[PDB]
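This report concerns only the one structure given below.
Values in this text are rule-based calculations from the coordinates and carry no lab data. All Cβ positions, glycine included, derive from the backbone under ideal geometry; neighbour counts span all protein chains shown.
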Amino acid sequence: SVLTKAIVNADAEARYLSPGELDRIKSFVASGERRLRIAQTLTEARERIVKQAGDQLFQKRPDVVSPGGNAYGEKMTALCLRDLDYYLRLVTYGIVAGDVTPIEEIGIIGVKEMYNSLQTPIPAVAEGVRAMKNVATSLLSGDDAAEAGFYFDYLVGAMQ
Amino acid sequence: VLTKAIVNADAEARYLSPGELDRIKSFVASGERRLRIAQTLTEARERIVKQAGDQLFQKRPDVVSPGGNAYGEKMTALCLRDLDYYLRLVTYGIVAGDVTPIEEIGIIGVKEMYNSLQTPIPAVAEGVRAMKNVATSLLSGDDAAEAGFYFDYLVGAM
Amino acid sequence: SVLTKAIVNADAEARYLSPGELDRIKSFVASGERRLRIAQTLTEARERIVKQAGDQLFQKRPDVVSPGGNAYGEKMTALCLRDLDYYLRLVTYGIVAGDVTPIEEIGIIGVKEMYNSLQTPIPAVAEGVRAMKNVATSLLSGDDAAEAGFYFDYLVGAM
Amino acid sequence: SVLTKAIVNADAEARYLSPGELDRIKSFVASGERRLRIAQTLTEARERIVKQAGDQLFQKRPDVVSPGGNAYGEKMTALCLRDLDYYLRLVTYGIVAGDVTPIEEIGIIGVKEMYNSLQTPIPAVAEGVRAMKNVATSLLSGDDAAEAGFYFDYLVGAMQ
Amino acid sequence: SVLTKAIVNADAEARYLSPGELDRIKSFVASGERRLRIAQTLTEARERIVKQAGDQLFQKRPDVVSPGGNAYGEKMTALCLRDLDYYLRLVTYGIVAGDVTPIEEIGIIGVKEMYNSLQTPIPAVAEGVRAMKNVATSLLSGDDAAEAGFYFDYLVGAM
Amino acid sequence: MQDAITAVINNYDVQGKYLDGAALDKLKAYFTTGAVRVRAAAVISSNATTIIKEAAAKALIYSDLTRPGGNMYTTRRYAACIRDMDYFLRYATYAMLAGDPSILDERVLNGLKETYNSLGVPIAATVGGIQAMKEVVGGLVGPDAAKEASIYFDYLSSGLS
Amino acid sequence: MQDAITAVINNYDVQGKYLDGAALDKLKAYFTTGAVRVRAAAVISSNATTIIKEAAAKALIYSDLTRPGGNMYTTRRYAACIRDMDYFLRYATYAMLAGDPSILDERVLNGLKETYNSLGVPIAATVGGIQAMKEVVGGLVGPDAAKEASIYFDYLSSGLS
Amino acid sequence: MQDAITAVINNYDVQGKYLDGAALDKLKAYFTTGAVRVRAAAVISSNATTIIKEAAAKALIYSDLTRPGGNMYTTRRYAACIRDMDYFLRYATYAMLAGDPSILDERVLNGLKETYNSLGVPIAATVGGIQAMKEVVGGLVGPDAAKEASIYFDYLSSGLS
Ligand SMILES: *[C@H](C)[C@H]1/C(=C/c2[nH]c(/C=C3N=C(/C=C4\NC(=O)C(CC)=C4C)C(C)=C\3CCC(=O)O)c(CCC(=O)O)c2C)NC(=O)[C@@H]1C
Ligand SMILES: *[C@H](C)[C@H]1/C(=C/c2[nH]c(/C=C3N=C(/C=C4\NC(=O)C(CC)=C4C)C(C)=C\3CCC(=O)O)c(CCC(=O)O)c2C)NC(=O)[C@@H]1C
Ligand SMILES: *[C@H](C)[C@H]1/C(=C/c2[nH]c(/C=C3N=C(/C=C4\NC(=O)C(CC)=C4C)C(C)=C\3CCC(=O)O)c(CCC(=O)O)c2C)NC(=O)[C@@H]1C
């Protein structure tokens, strides 16, 4: 969260929170109520976002859902969609937190290693997240979408 | 299902058994649920066909190649039209509760028709399999199982 | 062979060989020496016929030797050529026999089923045989070619 | 090379070469003439090994040579074969050296990063190397093949 | 095999297997894993064993590879080496079986008659087998070599 | 033929005993397994052609058998061999639904060894093919179904050998 | 006759192939089973008389066969029937040690059906007796050994029928 | 660490005894086994990534552990678990070459239980994973090598539990 990040920087410096740091905290608390609504919207639309994004991903990457591909088969396709759902849940957590840290601990550290063992292609996963972003953006209002976009972009950046 | 029961009775030259009658009763109750499942696939029909087509072409580059039957716009359209036909038949099957409707329109003489066309039968089967996977994803699990049976039959027939 | 076919028909009828049937046998025995030469010619040119026909087939059907296609890959392409060689050997046997029966037993019964399990396209196989015919015809003299053509045509018809 | 490795260990310890280390050097110099022949054999058969391995790889992995796949197209397929050739050259160098170090510096360090930028699938590359091994093994005598196999296996292990 | 031999003796006597006979079977099954390794070693070294033995034999007997001699010429020399290979394969079979019977049926009965028709000298063949034994012994560990030696000796005795 | 339910009934009938709890338990066991079996059977029927193809690829083809002088050489013999493979698959599926091996004995297994010996068909190769089909089938059906499927395949194999 | 080890060897010999690891694995499998088999054989030999007694009690004696006009009526015929039972037991034991059914085919199975038909010995009753022996044997040998023992008994039964 | 050769030497050194024939025999025993071990080690190194993948598939994944609230839930934890699996494999390979279990005790086994308890990692699941790796390894190495490989895997498992 924003607050955790600020505290951590202060502790490293071994100082009380700077005025500038305090100001950022103030801004965050004001923003929070708006943020809560954005998160709520995505949660309600979660099921459809995942479904639509999946379809887009499969169109973008025929290979993944092909006999060679990892996603191929009902069991595997479900798992791929479950993964997309996981990332969406993480994004909602991020929006309320105001920072990527919650997202980062659960999803972005060791992600490469996990997927490499699974043999899932990392770029395809990124495409799925991009797809989810587009669906989510449409449901969100423009300003809301921009906020959500940042978190979505981070995920895409983290895993590529 | 009702036709099937009557036919068995007529062969035996007997009135329908209570057990047979009960199965008919169950079927008529199930029908409304079946209609909903069919409706879902109908709405998603256009996308199912499109997605399945792409999967098939990825699986079989050859079919959409200068040598291949599917190659060219006209031919590719016809291949997709065929996939659409089979999907329509599957929906009919689900509402009927039997493969017979599917079977009459699509599975008898299919080999002969495709051999004249020179279309490869295995590729057609793959396309149906592809359609099944797309359809399964949109359907709920129990609904998907019901739909799967009809899809499997088609694949078996072809 | 001609003779086998005639005998079999007679045995079914439970009769001695008909004069007409006997006449055809007489014609066949006279023809045989010419037939042997025709077969010999094709055997000598066998390696080249197969090679040329293969190339023609692959040009005619790019798809078969494509990643999707059955023929694709060295192992698979070799097998496709081996099949062409098999059919050529069968045709030579047919010419000497004067009948397709020898050909038919070894190659044409269950062929559809075998290839369907393999998933090999039957029409492509037919094209290969047609290609082999054209190569073979060129090396053969015209009358010889006509005789050879009949056997080649039968194969194409069978698949 | 064997010799380089031994010297480096000694220098770290700041000691003269140990008797055991010296013995290994002696063994290596005796082995060398046999090793030279093994390398020579593969060099002569190089062109065919690459060609055969390529075909095997493409059969095992249709996807790589498919419109989605990286290898697809003439230019791309040539590059994939060029890569296989590179790895074969490295293996020959290894056999004469008696150690993987020459191979390792040229080919195995940063390989993951390079291929990830290219987007080439690493497992497919490994399969290609495996394929090359099988072709090379057939041409080599059994004992020779075992020696060659070790170097081939290392490459496969490295690209994993 | 050891077990086959025991069963056969029992059946002739029309009795169940004797305790002593059963004990020998037990010993054999324990020995088998060691025997398998010995056989595996020889199989891997087979190509070199044959080659080395051949050379030794030809040095020992110049005559066999001479214009008069049977072995002379490439075709004939290949056949002589093929024979050596055959005998080595038989020896490996023997080691796993624990008995010479497998070896004996395939190679040692009628061998004299076969070679006499061929006109191959039997003593030279024996020398080749002896040569193979020496090569094989070197690769094998001492105890393993002794086991292998018995089978090799039997072959030499048989010819 | 006989099925599991009928087998229980028949055993009781020869005893003259009315159905008892122990008997009921056997029947109940079958009933639970039933649903799985039906699903497995449908899977096998749909994938039958492929199952045979894969199994042949694993054992029969690219072999001396297919090469000239081999049992499965010539189109006619090749077609016969794959027809036999299909028979085995279909009967095993029937047995799996039934829950009893008897049908295999009554139709497939009776006289097969003798037929094969007269024909000169190689039994060990056939057994190999059956085992290969089993492995392929196991994958498609999934684990719970696989155990049930395997016993019938093994029964066929034991009969032939 | 043939045994498992020799069977592997013979298959390789017709191919002309040197023994390979896959072949070695089959041989290795046999070697592990061997110890169990030897123990089972000793058990059977010691209890052979009783096994026959129990099996006869289960199926043959107290029946029409033993009653006048039955096949096993008269001392001479009774003695013959128990002699045949002993044969089956001894050969099955041999087969179990060998790990191969071939000896049963070569000695017991070949021409027995025809002999029995001429004699008017009832084959189904004999098969019943064999099955009974199997059950008794299974108990004595214990479970691991029983599975191995059962296959040879079943092989005899199938041959006769 | 210690290896078999050094273990013999050390035992003699504490006694102060010069090496004797009995000692030499133990050393000789090791030398024969050595060649097999080297081959096994190379196999394991090449297939290490796959071995881990297969073992995880058999036990760890598609389980409560991977599901939320499970120890291996989250990418970080998943990655940690597969890293640990790799460690076990590498050390077992080292032990197999060495012919001595001591290195496992010195590096892997020491303090692992305590570490795991503080972390809250489940020991039984870890042991399960090790056993799974053993099974996969056994296949690749082949039978002779498998016996040697198995003991080190079992040693790790016993230590953890
Ligand atoms: C979909 C876009 C892609 C895809 C998905 C896919 N995933 C698996 C298996 C697993 N996925 C995960 C992922 C996570 N665990 C976590 O803790 C998080 C963050 C909260 C994630 C994202 C895990 C742990 C597994 C292992 C199985 C399990 O959950 O128990 C698969 C199948 C695995 C396999 O085949 O071995 C698939 C298909 N794969 C693709 O190719 C798509 C592009
Ligand atoms: C070439 C024109 C086409 C082609 C051929 C092709 N064949 C195979 C495999 C087999 N072909 C045969 C066929 C025969 N066996 C016989 O006994 C006879 C008559 C004497 C024939 C003609 C067989 C038995 C096989 C099976 C494997 C084997 O040879 O043992 C393949 C490979 C099949 C595979 O997928 O593995 C191919 C490619 N394929 C084409 O598409 C060409 C048009
Ligand atoms: C009575 C003096 C002694 C005695 C007898 C006894 N017998 C049995 C069982 C059987 N005895 C026979 C004998 C015959 N069957 C024949 O064909 C002939 C010749 C015509 C004879 C003499 C048979 C066949 C049986 C088997 C059972 C059957 O009828 O099917 C028993 C019981 C068997 C058992 O052990 O359960 C007995 C007790 N026993 C004595 O101790 C007396 C001294």
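Residues that are touching a helix residue (DSSP H, G or I) at 6+ places or on another chain (Cβ under 6 Å) number at least 3 in the following helices (runs of 4 or more DSSP H) confined to segment B:1-64: B:18-43, B:45-59.
Out of the residues in segment C:56-90 meeting the condition of being of a type in the set (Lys, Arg) and closer than 24 Å to residue F:85 by Cβ, tell me which one is farthest from the other protein chains (Cβ to nearest Cβ). Lay out the reasoning, then the answer.
The initial filter retains those residues of segment C:56-90 that are of a type in the set (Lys, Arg), namely C:60-61, C:75, C:82, C:89.
Imposing the further condition that a residue be closer than 24 Å to residue F:85 by Cβ reduces the set to C:75, C:82.
Details: C:75: 7, C:82: 10 Å.
In this case the residue turns out to be C:82.
Of all the listed residues (B:70, B:77, B:135, B:147), the sole one being farther than 20 Å from residue B:33 by Cα and either under 17 Å from the mean Cα position of the chain (by Cα) or assigned to a helix (DSSP H, G or I) (or both) is B:77.
Which residue out of G:48, G:7 is away from ligand 3 (no atom under 13 Å from the Cβ) and closer than 30 Å to residue E:39 by Cβ? Please lay out each step first, then the result.
On the way: G:48 fails: closer than 30 Å to residue E:39 by Cβ.
Residue meeting the stated conditions: G:7.
In segment C:91-105, how many are within 14 Å of chain F (Cβ to nearest Cβ) and surrounded by fewer than 21 Cβ atoms within 10 Å (Cβ to Cβ)? So the answer is 5.
Restricting to segment B:68-78, name every residue that is of a type outside the set (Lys, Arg), out of contact with any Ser or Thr (no Cβ under 8 Å at 6 or more places or on another chain) and either surrounded by fewer than 18 Cβ atoms within 10 Å (Cβ to Cβ) or more than 9 Å from chain C (Cβ to nearest Cβ) (or both). Write out each step before concluding.
Our first condition is that a residue be of a type outside the set (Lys, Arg); within segment B:68-78, this holds for B:68-73, B:75-78.
Keeping just the survivors that are out of contact with any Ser or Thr (no Cβ under 8 Å at 6 or more places or on another chain) gives B:68, B:72-73, B:75-78.
Matches in segment B:68-78: B:72, B:73, B:75, B:76, B:77, B:78.
Within segment G:1-19, one or more residues are small (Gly, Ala, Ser) and within 8 Å of another protein chain (Cβ to nearest Cβ). Against the condition touching a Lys or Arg at 6+ places or on another chain (Cβ under 8 Å), farther than 30 Å from residue E:46 by Cβ and away from chain H (no Cβ under 14 Å), how does residue D:81 come out, does it pass? It is true that residue D:81 is touching a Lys or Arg at 6+ places or on another chain (Cβ under 8 Å), farther than 30 Å from residue E:46 by Cβ and away from chain H (no Cβ under 14 Å).
Annotation: of all residues in segment C:89-117 being part of a helix (DSSP H, G or I) and farther than 21 Å from residue F:72 by Cβ, the one that is farthest from ligand 3 (Cβ to nearest atom) is C:95.
Look at residue A:12 and say whether it is more than 16 Å from ligand 3 (Cβ to nearest atom) and surrounded by fewer than 17 Cβ atoms within 10 Å (Cβ to Cβ). Yes; evaluated as a whole, the condition is true for this residue. Among the residues making up segment G:125-150, none is out of contact with any helix residue (DSSP H, G or I) (no Cβ under 9 Å at 6 or more places or on another chain) and either touching a residue at least 24 places away in the same chain (Cβ under 8 Å) or farther than 20 Å from residue F:154 by Cα (or both). Mind checking whether some residue in segment G:68-81 is within 13 Å of chain E (Cβ to nearest Cβ) and surrounded by fewer than 21 Cβ atoms within 10 Å (Cβ to Cβ)? No: zero hits.
Which residue, of C:77, C:120, is touching a residue at least 12 places away in the same chain (Cβ under 8 Å), closer than 24 Å to residue F:73 by Cβ and part of a helix (DSSP H, G or I)?
Details: C:120 fails: part of a helix (DSSP H, G or I).
Matching residue, one of C:77, C:120: C:77.
Please enumerate the residues belonging to segment F:27-65 that are facing another protein chain (nearest Cβ under 9 Å), within 29 Å of residue B:147 (Cα to Cα) and either of a type in the set (S, T, N, Q) or within 16 Å of ligand 2 (Cβ to nearest atom) (or both). Residues satisfying the conditions are F:45, F:46, F:47, F:49, F:52, F:53.
Those residues that are in a loop (DSSP other than H, G, I, E, B), out of contact with any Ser or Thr (no Cβ under 9 Å at 6 or more places or on another chain) and near ligand 1 (Cβ under 7 Å from one of its atoms), I need them from segment H:68-81; list them, please.
Of everything in segment H:68-81, just one residue is in a loop (DSSP other than H, G, I, E, B), out of contact with any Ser or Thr (no Cβ under 9 Å at 6 or more places or on another chain) and near ligand 1 (Cβ under 7 Å from one of its atoms), namely H:74.
Selection of first residues in segment G:54-79 that are farther than 24 Å from residue G:139 by Cβ and basic (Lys, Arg) and of second residues that are more than 8 Å from ligand 3 (Cβ to nearest atom) and part of a loop (DSSP other than H, G, I, E, B), restricted to Cβ pairs under 7 Å at least 6 apart or on distinct chains, gives the following pairs, ordered by first then second residue: G:77/G:71.
Residues are listed down the side, and each one gets a yes or a no for (1) within 8 Å of ligand 2 (Cβ to nearest atom); (2) small (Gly, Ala, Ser); (3) touching a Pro at 6+ places or on another chain (Cβ under 6 Å):
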| position | (1), (2), (3) |
| --- | --- |
| C:72 | no, no, no |
| C:82 | yes, no, no |
| C:92 | no, no, no |
| C:96 | no, no, no |
| C:105 | no, no, no |
| C:118 | yes, no, no |
| C:124 | yes, yes, no |
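May I ask you to say which residue of F:127, F:108, F:121 is on the phi < 0 side of the Ramachandran plot and either in contact with a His (Cβ under 9 Å, 6 or more places away or on another chain) or not in a helix (DSSP H, G or I) (or both)?
Details: F:127 fails: either in contact with a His (Cβ under 9 Å, 6 or more places away or on another chain) or not in a helix (DSSP H, G or I) (or both); F:108 fails: either in contact with a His (Cβ under 9 Å, 6 or more places away or on another chain) or not in a helix (DSSP H, G or I) (or both).
Just a single option satisfies the conditions, and that option is F:121.
When you check residue D:93 against the structure, is it more than 14 Å from every other protein chain (Cβ to nearest Cβ), assigned to a loop (DSSP other than H, G, I, E, B) and either out of contact with any helix residue (DSSP H, G or I) (no Cβ under 7 Å at 6 or more places or on another chain) or not polar (S, T, N, Q) (or both), yes or no? So residue D:93 does not fit the description; no.
Residue pairs whose Cβ atoms lie under 9 Å apart, separated by 6 or more positions or on different chains, with the first residue in segment E:8-24 and in contact (Cβ under 8 Å) with a residue 12 or more places away in the chain and more than 7 Å from every other protein chain (Cβ to nearest Cβ) and the second buried (at least 19 other Cβ atoms within 10 Å of the Cβ) and not in a helix (DSSP H, G or I), are E:9/E:17.
Take the conditions part of a helix (DSSP H, G or I) and closer than 30 Å to residue B:126 by Cβ and apply them to residue A:114. Does it pass?
On the way: part of a helix (DSSP H, G or I): yes; closer than 30 Å to residue B:126 by Cβ: no.
Taking the combined requirement at face value, the residue does not satisfy it.
Among the residues that make up segment H:7-16, is at least one of them more than 22 Å from residue H:121 (Cβ to Cβ) and either touching a residue at least 40 places away in the same chain (Cβ under 8 Å) or not in a helix (DSSP H, G or I) (or both)? Within segment H:7-16, one or more residues are more than 22 Å from residue H:121 (Cβ to Cβ) and either touching a residue at least 40 places away in the same chain (Cβ under 8 Å) or not in a helix (DSSP H, G or I) (or both).
When residue H:116 is tested against the conditions (1) within 16 Å of ligand 1 (Cβ to nearest atom); (2) of a type outside the set (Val, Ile, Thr); (3) outside any loop (DSSP other than H, G, I, E, B); (4) surrounded by fewer than 18 Cβ atoms within 10 Å (Cβ to Cβ), the lone failure is (1).
Yes or no: residue C:50 away from ligand 2 (no atom under 12 Å from the Cβ) and either part of a helix (DSSP H, G or I) or in contact with a strand residue (DSSP E or B) (Cβ under 8 Å, 6 or more places away or on another chain) (or both)?
Numbers: away from ligand 2 (no atom under 12 Å from the Cβ): no; either part of a helix (DSSP H, G or I) or in contact with a strand residue (DSSP E or B) (Cβ under 8 Å, 6 or more places away or on another chain) (or both): yes.
It is false that residue C:50 is away from ligand 2 (no atom under 12 Å from the Cβ) and either part of a helix (DSSP H, G or I) or in contact with a strand residue (DSSP E or B) (Cβ under 8 Å, 6 or more places away or on another chain) (or both).
Say we look at segment C:110-126 and pick out the residues that are surrounded by fewer than 18 Cβ atoms within 10 Å (Cβ to Cβ) and facing another protein chain (nearest Cβ under 7 Å); which of these is farthest from residue B:69 (Cα to Cα)? Top of the filtered list is C:113.
Being at the interface with chain B (Cβ under 9 Å from one of its Cβ atoms) and of a type outside the set (S, T, N, Q) is the filter here; which residues of segment A:49-67 pass it? Write out each step before concluding.
The initial filter retains those residues of segment A:49-67 that are at the interface with chain B (Cβ under 9 Å from one of its Cβ atoms), namely A:51, A:54-55, A:58-59, A:62-63, A:65-67.
A:51, A:54, A:55, A:58, A:62, A:63, A:65, A:67, listed by residue number.
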